[PDB]
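Architecture at a glance
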Amino acid sequence: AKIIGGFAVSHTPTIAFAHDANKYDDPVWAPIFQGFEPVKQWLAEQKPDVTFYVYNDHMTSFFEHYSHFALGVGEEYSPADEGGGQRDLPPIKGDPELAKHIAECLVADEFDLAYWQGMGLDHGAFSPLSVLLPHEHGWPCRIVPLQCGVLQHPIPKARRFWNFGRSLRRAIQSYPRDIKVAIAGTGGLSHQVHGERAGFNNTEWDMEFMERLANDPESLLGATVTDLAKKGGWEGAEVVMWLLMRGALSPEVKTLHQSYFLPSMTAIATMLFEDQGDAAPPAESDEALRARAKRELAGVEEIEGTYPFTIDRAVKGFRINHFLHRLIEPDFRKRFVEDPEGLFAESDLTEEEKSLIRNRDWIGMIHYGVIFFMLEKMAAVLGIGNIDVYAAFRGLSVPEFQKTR
Amino acid sequence: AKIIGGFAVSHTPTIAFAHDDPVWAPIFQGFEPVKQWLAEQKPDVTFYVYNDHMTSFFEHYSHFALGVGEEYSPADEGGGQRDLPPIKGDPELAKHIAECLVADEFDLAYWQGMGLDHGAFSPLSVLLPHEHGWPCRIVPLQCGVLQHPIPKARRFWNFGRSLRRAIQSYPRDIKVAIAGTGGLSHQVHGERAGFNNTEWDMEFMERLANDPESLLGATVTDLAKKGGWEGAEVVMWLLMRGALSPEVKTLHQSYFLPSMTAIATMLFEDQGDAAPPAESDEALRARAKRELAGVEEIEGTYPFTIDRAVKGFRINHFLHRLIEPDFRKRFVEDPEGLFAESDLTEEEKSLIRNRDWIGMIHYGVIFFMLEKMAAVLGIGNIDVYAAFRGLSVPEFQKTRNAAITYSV
Ligand SMILES: O=C(O)c1cc(O)c(O)c(O)c1
Ligand SMILES: [Fe+3]
Ligand SMILES: [Fe+3]
C-alpha cells in the first residue's frame, strides 16, 4: 500500500564479478562500491518489505519463449546458471500475493502479461542486488521480479514502458496490506556490447538522460529504439526499464543520490528517488480500483465444483503441476510407470502430493491445485481415459456417468 | 495482404485420440464444407489462434505468444509425437504482424521450436489434407486463457481488430485465412464436469456472427457460468471475428454435442471495410517501422529483430545449452561428438570451432550466447570485445578508462 521510493542501478556482470572477487580494496572498484553506499544504506533504513524489481534477463532463462512483461509470481528465486554455475547466493523470496494483486490491476488496465516460476535470475537481477542488499543469511526483503523483453525487437514502445509504470503505482498503492515497497529499475547506462561498435559510450547523453528521468520524465516518452541506441548504444537502450520504474513513482521526486563511473564497457550509474506522495487524491480511488481488478472474477465463487486456476492456485500447485508436466518427456514415464516410487523419492513433492498421484485421486488433485490438463497427461500414461477422470470428479463411475450424451 | 475470411472451430483432442462410425459421420460432415473452402479459396497462410493445454507453455506462460519460427512439429502430450508432417510457419508475416501489434500497444511474446499440441494439430488434421505436408503456412498465435488473470474479451477483440489492419498492410498480396479455434461450451474439471449449455451456444454463435460487439462486456464469470469454465476460452473466437469485416456472411455452421465438449464450426467470408480504414495501410507501415527507422545508419550494430532470431535460432539454441552443466562438460571434452548429434550446419559448427566472434554476430548469434561461450571456455568478455574490434586485448583495453577482466 505504501511506495517509499525507487532506485536505478546498472546491472553489469562486472558488478557481480567485482563483488564476488572482493575487490572492495581495489583502486578502480573501491570508489564505485562507495557509489552504491547511499542506496545500500537507504534500503537498510527504510526497510521495504518487497522490492518490485524491474530487470531484463540475458538469454539465460528467457530465449525459446520470450515475452515483454513477464511477472514473477513464484514463492522464491535462485541464481541462474550462465555457463560458470550458480553464484554463491541464497534464494531470495517472492510475493505471490502482491504479484497477484498487481497482475489483476494491470490486466484491468489492458496490459498483456506473462507469469512464471521456478526459473533462476541471472546477472540482470543478482549482480546489483548482491551489492545493495546484505545476504550472508537470507535477503532482508522479498521481491516481485518483472523481467522485460528488451532484447528481441519489436519491443514495447518507450511510452508503453512508462504507462506500465503508471498503472503499476496504482496497483501497488491499492494493495490493501500495510507494507513498504521500493521500486527498482536496472540496466544501462550507455554501452554497446556487440559488433564493431562495441566499446561505445556517451557520458554526456548518460547525464542528460538521468537528469531528465528525474525532473522531466515525460520528455523521454517520444524516444525510439533508434534514438536511444544512437545516443546510448544498442544495449544501452534497455534504459526504457528506468522509465518504467520512474513511471511508478510520484510525478515529482526528491533525487537523494546520483553516481556515475565508466571503468570499462558500461557506464555504471546509480540513482535514489524519494517518493513525495500524492499531492492530489487519485482519479480512481483505491477502493474503486480493487473493484475493477476483481470485476472479471466477481461472483465466480457462486459456481459449485469450480476451482479457477488463478495465480495463488498456480503457485500452490507448481511442484505437483511441474512434475506432472514432465510426463511429456519420454524418459519420465519410463520411471513414472516402471518405477514410480523412485521418481517420487528423488523428487521434491511433499508426501501429500505423492499420495494424491498414488491414489489416482482425480478430483482430490483438482481440489489441491492441480490443473486438469496435467491430469489429461496423467490419464494417458499409466491408464486410463478421460471418461474415467470426468466420472470420479462427481464420484460416479463410467456407466452411470456416460448417461447424458 | 488479403484476408479471405476465416473460420471458428472446436479443438478437442478426441478428434485424434480417436478419429485416426455412425455417431461420427454427421460430426465430420460439419467440418468438410470448410475443408473444401480451404482447398478452393487457396490460402497462402493461416493465422491460427489457439491455446496450448499446458504442454509447451507452463512454467513461463504468456497471453499472446506469436509463433515466429519457420517450422512446427506436433507436441508430445504424454503419448508420443503424433505422426504428422512438420507444418511451415511464416516468420516474415509474423515479424510484420508483431510490428503493427506493438505499435498499437499490445504486449507480445515470441517463440520458436516448441511443439504445437492438439490445440492446433488436431482440428487441422481434418480441415487440411496433410499427405506429405500441408496446403498453407501458419502464423500460430498461442493465447493464454488457462491462468487468470487473462485479457478481457474486449482486449481479445481489439487484438483481432488491430490484427486485421496489420494483415491488410502486409505489402505482399497473398491469401490469408484466420482461425480462432476454441470451445465450445464445456467443463472438463470439478464437480461441475460435464456441464453444457446449447441455449447459450446458439445465442453466442449468432451474436458473434451478427452482433459481436454485444459480447465485449462478457466477464469471465458471465462467460464461465453461461458455458462452463473452459468454455470461456471462446474469448479467442472474438479475436478471429475481430480480424474480419464488421458485416460478414456466415457461409456455414455446424453443431454436434456427442460427449463432453460441444463441437461447433463457423465459416465466414470476408467482405470489405466501410470505406477506407482511418489509417492508410502505407502510413500504418510507416508507424510500424517507426521504432527502428534509420537504425541502419548506426555502424557496427546488428539489431536482434525477429528475422535474425529466426536465422540464428539453431546456433543460438545450441549455444544456450552451455548453461546446462552436462552439455558444456561435453563441449570442452568432446566438441565434435557434440557437433555430430546437434542439428548445426557445417558452417555453424565451424564458426564455433574457430571461435569466430565477429562471424557469429554477423551471422545472427546474439551476443549473450557468446558471453556464456567465453565463460565456458575460461576466457572472458573483454577478449570477445577486442575480437569484435579487430584489436589485441591490450590495444582494446587502451580504449577503456581502466583495465578490468571478468566472466560469467
Ligand atoms: O561487459 C559489460 O560491461 C556488460 C556485460 C553484460 O552482459 C551486460 O548486460 C552489461 O550491462 C554490461
Ligand atoms: Fe541488460
Ligand atoms: Fe482449449
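In the PDB archive, X-ray crystallography is given as the structure determination method for this entry, at a resolution of 2.500 Å.

Comments concerning the interface of chain A and chain B
Listed as interface residues are 106 residues of chain A and, on the opposing side, 105 residues of chain B. Ranked by residue count, the leading element in the side of chain A that touches chain B is helix 11 (residues 311-325) of chain A, at six residues. Relative to strand 3 (residues 60-62) of chain B, strand 7 (residues 114-116) of chain A is paired through three bridges, and the arrangement is antiparallel. For A:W116, the partnering residue across the bridge sits in strand 3 of chain B and is B:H60.

Here's the deal with the state of the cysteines
All names here are of chain B. This structure, assessed with the given rule, holds zero disulfides over all chains. For the unlinked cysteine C100, the closest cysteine sulfur is that of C143, found at 17 Å. Of the residues examined, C100 reaches a relative accessible area of 1% and is grouped as buried.

Overview of the coordination of the iron ion (ligand 3)
All names here are of chain B. Coordination of the iron ion (ligand 3) by the protein is provided by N51 (OD1), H53 (NE2), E233 (OE) and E233 (OE), with metal-donor distances spanning 2.1 to 2.7 Å. Sequence positions of the donors to the iron ion (ligand 3) reduce to the motif N-x1-H-x179-E. Taken together, the residues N51 in the loop between strand 2 (45-50) and strand 3 and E233 in the loop between helix 6 (220-225) and helix 7 (235-242) connect sequence positions 182 residues apart. Of the two residues, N51 and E233, both sit in the buried class.

Some points on the coordination of the iron ion (ligand 2)
Tetrahedral metal sites with four donors have an ideal angle of 109.5 degrees; octahedral sites with six donors have ideal angles of 90 or 180 degrees. Every protein donor of the iron ion (ligand 2) is listed here as A:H11 (NE2), A:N56 (OD1), A:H58 (NE2) and A:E238 (OE), and their distances to the metal cover 2.0 to 2.3 Å. Summarised as a motif, the one-chain spacing of the donors to the iron ion (ligand 2) is H-x44-N-x1-H-x179-E.

A closer look at a nonpolar patch on the surface
Residue and element names in this part refer to chain A. A cluster of nonpolar side chains, contributed by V337, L382 and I384, occupies part of the molecular surface with about 220 Å² of accessible area. Position of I384 relative to the elements: it lies in the loop between helix 16 (372-379) and helix 17 (386-392). Judged by relative accessible area, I384 falls into the partly exposed class, the value being 38%.

What to know about the UniProt feature "binding site: Fe(3+)" (unreviewed entry) in chain B
Per the UniProt annotation, the sites labelled "binding site: Fe(3+)" (unreviewed entry) are B:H11, B:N51, B:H53 and B:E233. Annotated residues from the preceding list that form part of the lining of the largest cavity: these are B:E233. Among the secondary structure elements, B:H11 is positioned in the loop between strand 1 (2-9) and helix 1 (25-37). With a relative accessible area of 2%, B:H11 lands in the buried category. Side chain to side chain, B:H11 and B:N51 meet in a polar contact 3.2 Å long. Tracing the backbone shows B:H53 in the loop between strand 2 and strand 3. Ignoring anything within four residues of it in the chain, the contact list for B:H53 reads A:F373, A:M374, A:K377, B:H11, B:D117, B:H118, B:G119, B:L146 and B:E233. Of note is the side chain of B:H53, whose polar atom sits 3.1 Å from the side chain of B:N51.

Structural notes on the packing of aromatic side chains
Applying the stated criterion across every chain, the model contains 32 aromatic pairs over all chains. Taken together, a centroid distance of 5.5 Å and an interplanar angle of 90° make the contact between B:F106 and B:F159 edge-to-face. Of the two residues, B:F106 sits in the loop between helix 2 (91-103) and strand 7 (109-111) while B:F159 sits in helix 4 (residues 153-168), which places them 53 residues apart along the sequence. Through a chain of ring-to-ring contacts, the aromatic side chains of A:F69, A:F111, A:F161 and A:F164 assemble into a single cluster. Over the face of the ring belonging to A:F200 we find A:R197, whose NZ or CZ atom lies 3.8 Å from the ring centre. Positioned over the ring face of A:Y368 is A:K316, at 3.8 Å from the centre of the ring.

Calculation criteria
Along each chain, numbering proceeds from 1 in written sequence order. Entry numbering may differ, and residues lacking coordinates are not shown. Note on labels: chains are lettered from A, ligands numbered from 1, in written order. Computation of side-chain values covers all heavy atoms of the structure but excludes hydrogens and water. Residues with missing side-chain atoms are left out of burial classes, side-chain pairs and their counts. Two residues form a contact once any of their heavy atoms are found within 4.5 Å. Helical segments are the DSSP runs of H or I of at least four residues, strand segments are the runs of E of at least two, and each set is numbered from the N terminus. Strands qualify as paired when DSSP identifies two bridges or more between them. Criterion for a disulfide: a pair of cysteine sulfur atoms at a distance within 2.5 Å. Exposure classes here rest on a 1.4 Å probe applied to the protein chains alone. A residue is buried below 20% of its type maximum, exposed above 50%, and partly exposed in between. Each metal's donors are the N, O and S atoms within 2.8 Å of it, or within 3.2 Å when it is Na, K or Ca, and because water is not part of the set, sites may look incomplete. Patches were defined on residues exceeding 30% relative accessible area and lacking a salt bridge, with like-charge contacts within 9 Å and nonpolar side-chain contacts (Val, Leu, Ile, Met, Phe, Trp, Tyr) within 5 Å. Computed by Shrake-Rupley with a 1.4 Å probe, the accessible areas treat only the displayed protein chains as cover when residues are assessed. Any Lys or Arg side-chain nitrogen found within 4 Å of a carboxyl oxygen on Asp or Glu counts as a salt bridge. UniProt positions are given in the numbering used here, feature names are shortened, and annotations may be inferred rather than shown by experiment. We place a 1 Å grid over just the protein atoms. Points where a 1.4 Å probe fits but has no way out form a cavity, open points with protein on both sides within 12 Å along at least 5 of 7 lines form a pocket, and any residue with an atom within 4 Å of a point lines it. Any N or O atom pair separated by 3.5 Å or less is treated as a polar contact, with the protein-specific requirement of one donor-capable and one acceptor-capable atom, and with residues adjacent in sequence counted only for side-chain atom pairs. Note on aromatic pairs: the rings of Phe, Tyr and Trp (six-membered ring only in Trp) are paired at centre separations within 6.5 Å, and the planes decide the class, stacked below 30 degrees, edge-to-face beyond 60, tilted for the rest. Two thresholds decide whether a charge sits over a ring: the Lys NZ or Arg CZ must be within 6 Å of the ring centre and within 35 degrees of the ring normal.

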